[PDB]
Each structure stands twice: as C-alpha cells, then as structure tokens.
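Contents: one structure, followed by commentary.
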C-alpha cells in the first residue's frame, strides 16, 4: 500500500492564524516509485472534496492565495497563511499517481472564538406522539463555543444514566457557534409515572449550572 | 464547467446488486481516465476502481477489497461512467464519488449514498416541539423520529424561513432507526401571528409531511 500519516488529526485556530498540516509519505516506497507528487484537498460536511494544491506545490485554478503546499523528500506541508471563517473543514493529502491510490488521515480544522454561553430550551413530548406508546423529551442548547458541554437529565432530581442521546450541529459558518440537542426517551407509562422533567446544563460560559424544567400537564 | 453527477445509490440487502451512473459534462470524456472513490465515516476515503482509455484496451483496476464483485465500465458515446456492484457487504456502505483524472489533478462529483442493510424502508412520523412561555426570543421545531435509511431533509414554511434554523445530524437509536430534530429560533411576538410549518422529506420512502407547530 501507499500509507500516509497526516498530522495533526484535529486543530483549532483563530481566524487569521497561520496553520501547517503535514503528511508523511511511506518510506517503504520512496525507492519503489520515487518521491510522490501529493495533492491536497479540503472537504466540507456533506460536500465533495475540493482540490487546493496539486503536484505538491501547484495551486489549483481558482483556489485562494492563502493556501500553499511545500515539501521535500517525504515530508509535505500544506500551509494556510491566515485562516478564514469559511476555512473550517477536513483537509487531507491525496496520492493518485501510483496504484493503489491512498489518502491521508485527515485534519478537522475548527475556528476559535470567544466563549459563548448557550440559551437553553426544554420541550415536552407531543400529544400525538404518546398515543403511539413512547415519550421523548428534548433539551436544546443554542449557539455556544465551548463545544465541550454537559447536560444532565433529571426526573424528580433522579439523575438519568443511559436513556438520552445528544447530537451536535457542525460549526455555524456565521458565528462559529455550535448547537446541541439531548433527546431523553422513555416509556409512556414511565412518563406519566413522574411529573418533573429538567435538564441541567453545565458549561464553561456559565457561572451557575442552568436548569430548564417543566412539570407534566401545563 | 466540469460536472460529474452520480446516480443509482440507495438501500440494498446484503448480497444484492446495484449499478451506479455518473453523467459527465464540461470536457471531452473520451480523453481522460475515470475512477470511483467511496467514503465511510469509520474508515474514511478509499479508492475503489479505475478504467483507462480505449487506447489502453479499456484497462481496469480494482481495490483488492472489491475484486471479483465490482465492475467499472465507460460509455464514451453517452459520456457516462458505470460501476456495477454485486454481492454487496457491510464495508461497501458509504458515499461513492465519481472521479475523472486530467493527470495533473482530479475532479470529484457530489457523490451518491449506498446503504447495505437488512432493514426495509421506514417512513418517519413527525412530532411537534411546542414553544414554551428566553423572554423575547422563542424556540420551536419538529422531531423526526423512527426512520430508515438516511437521509431526511427539513425546511420551514416551504423554504421561506431560513434564518436561525438548526437541523441536527440524525442519531442512530437503540432500535436501529434514525432520529433527527430540527428547530428554529423566532421572536415570541409572532407565535400567535405567524404559522410555523416544517417540511420533512424522506425521499427513500416518499414521506413528505408538513406539520405546523402550534403553541400549547
């Protein structure tokens, strides 16, 4: 194979910082097919990869000037002189000149910004839902940039253990913020078995852990 | 403008078959090589197959993982690339990107999702997230629950509402069915004046549902 180790695996840099990503070609075949001509890409979530640099150094037609690819021997380096708000994506090196074509591990680039506290919202389970035989209550955290967040579900101050799932949106391309939604699912009988429902959100941008509650039935 | 449009992806049982298409335009299709490259969340990118020119006796190459099962073929007349996939497995799941090679560099298509599972297509049921009663700004949304396979698309007021919307990535549940939540922040001055509707579309099952969210 044509293994390539990409470094780092993840990164956060403020808009305007210099960033360098490294790919190491395989010493196994620096003498089998010579020194390879690497290509660099970036991929947005759900989009096709966009070519940035081809053949080590050549900047692809239309790519901005802030991107540049260097390299000598077997160490190749993509360089972003000053990050931009739209530059958050997954960057990876490509090698498509000798079979089998291989790709780099990838580098997820996050945009740094000031600590932002999330606005919390709690939602009871729908009325037309419980008539099916299951209840799921949703807690919302909107627009924050310490993606590391904590949300505890409580029913009568009974900390739940393993009946909740979270999902976090990709970084917002407008304000570089995240949003999280924890969904606590339990039986209909278990729903009408209690009355208080709260999510305790602990967060870097919060002095006191916020709690959004609601009692069953108005 | 170089364009590569994939087609044919979808749900298929283990051992079933599928043939992907790729409509090419913007260049002379007969003069450059073609290839397929798939991508999974757990393994990342992975080259699949490649086909040479007619000059090269249509020489094909395959990744060892798919040898004997996948067949790459081109039709210069129709300007399309095909990938016949037979005896599909688990590691075959993922988005399949169509490629063309100008030697100096390559170009990629939007990709087509190929899901291999034992489950049948399940239509989502939509449930409202009624707003509460942060002062001036309120939040509401729709809970798309119990569906398979991916994906589902959500809009608001038939696309008329795009500001402040957040559709969360689906989460695979203990049941093997996906679940997704879509919310939007709106001024509380409009809850009683503005009709808020989410347009859920699960194309794999033709479940286009419109559920207006009312305050309880």
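Protein chains in written order, with the authors' numbering: chain L, 1 to 218; chain H, 1 to 133, 138 to 158, 160 to 161, 164 to 171, 173 to 183, 185 to 198, 200 to 202, 204 to 208, 210 to 225, 228 to 230.
A virtual CB, placed ideally from N, CA and C, is assigned to each residue, including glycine.
Query: Three CB pairs or more closer than 8 Å across the region 3-20 of chain H and the region 99-118 of chain H; Result: yes
Query: Contact set for residue 30 of chain H: own chain, Cβ-Cβ below 6 Å, skip 5 residues either direction; Result: 76
Query: Rounded distance between the beta-carbons of residue 49 of chain L and residue 108 of chain H, thought under 8 Å; Result: 5 Å
Query: Where residue 47 of chain H meets chain L, residues with beta-carbon distance less than 9 Å; Result: 96, 99, 100, 101, 102, 103
Query: Contact list for residue 147 of chain H against chain L, beta-carbon separation under 9 Å; Result: 123, 125, 126, 129, 136, 138, 183
Query: Contacts around residue 7 of chain H, its chain only, beta-carbon distance under 8 Å, and the 5 residues preceding and following it disregarded; Result: 20, 21, 22, 23, 112
Query: As assigned by DSSP and simplified to three states, the class of residue 54 of chain H; Result: helix
Query: CB of residue 215 of chain L within 8 Å of CB of residue 196 of chain L, strictly; Result: yes
Query: 3-residue-minimum beta strand (DSSP E) runs that sit fully inside the region 70-100 of chain L, ordered along the chain; Result: 75-80, 90-95
Query: Interface positions of the region 97-110 of chain H facing chain L (Cβ-Cβ less than 8 Å), listed along the chain; Result: 97, 101, 104, 105, 106, 107, 108, 109, 110
Query: Chain H contacts from the region 155-186 of chain L (Cβ-Cβ distance under 9 Å); Result: 165, 166, 167, 168, 169, 170, 172, 179, 180, 181, 183, 185
Query: Nearest to residue 26 of chain L (by Cα), restricted to the options L/10, L/40, L/3; Result: L/3
Query: 9 Å Cβ cut-off: residues of chain L touching residue 143 of chain H; Result: 119, 121, 123, 140, 142
Query: Unbroken alpha helix (DSSP H) run spanning residue 189 of chain L, endpoints; Result: 188-192
Query: From L/151, L/164, L/120, residue whose alpha carbon lies closest to that of residue 135 of chain L; Result: L/164
Query: Beta-carbon separation (whole angstroms), residue 54 of chain L vs residue 105 of chain H, contact threshold 8 Å; Result: 4 Å
Query: Opening and closing residue of the alpha helix (DSSP H) in which residue 129 of chain L lies; Result: 127-130
Query: Range covered by the beta strand (DSSP E) that runs through residue 43 of chain L; Result: 39-43
Query: Cβ of residue 140 of chain H within 8 Å of any chain L Cβ; Result: no
Query: CB-CB length for residue 35 of chain H against residue 101 of chain H, believed under 8 Å; Result: 7 Å
Query: Residues of the region 51-70 of chain L with Cβ closer than 8 Å to any Cβ of chain H, in chain order; Result: 51, 54, 55, 58, 60
Query: Residue burial classification, residue 115 of chain L (beta-carbon count within 10 angstroms, cutoff 16); Result: exposed
Query: Below-8 Å beta-carbon distance, residue 20 of chain H vs any chain A residue; Result: Absence of chain A from the displayed structure is noted, the protein chains being L and H.
Query: Status (buried if at least 16 other CB within 10 Å, exposed otherwise) for residue 159 of chain L; Result: exposed
Query: Interface residues of chain H facing residue 217 of chain L [CB-CB closer than 9 Å]; Result: By Cβ distance, chain H contributes nothing, its closest Cβ being about 11 Å from residue 217 of chain L, past 9 Å.
Query: Cα-Cα separation between residue 113 of chain L and residue 214 of chain H, rounded to whole angstroms; Result: 35 Å
Query: Distance CB(residue 176 of chain H)-CB(residue 165 of chain H) smaller than 8 Å; Result: no
Query: Nearest to residue 192 of chain H (by Cα), restricted to the options L/140, L/75, L/84; Result: L/140
Query: Through-space distance from residue 71 of chain L to residue 81 of chain L, alpha-carbon basis; Result: 16 Å
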